[PDB]
């Protein structure tokens, strides 16, 4: 309908990450409005409203048994997940959120311990989201 904002993004992870750092998904497939920045890993809200996000982060198979990944809004964790495998086999840390955001809010995925697989261009580890409703 006229006036509905179109805001959506989807990016994969080319480079491996470990420890406690923000995941800079840099294989950008969709980025309507350029509100996702692959140089920072952050989606920045431009319109107050209700947003969906999801993430799938592949643990570094063959090199460790656990890896944690959090979805953050500004300075707060809003979703958490753990990948774990006693044989160091591949496993995912994945979760999804629905959040109200205000302009300037940042949403991003941060590692919270362990090692993440670096996918080159294969998009094994991903971050995506979109606006569901704009506030009146």
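Numbering follows the first chain given and starts at 1.
Stretches 51 to 59 and 74 to 82 differ in mean CA B factor, with 74 to 82 having the higher one. In this entry, the higher average B-factor at the C-alpha atoms falls on 8 to 16, of the pair 123 to 131 and 8 to 16. Of the candidates 97, 32, 107, 93, the deposited coordinates give 32 the top C-alpha B factor. Among the modelled residues of the chain, residue 28 sits in the highest third by CA temperature factor in this PDB entry.
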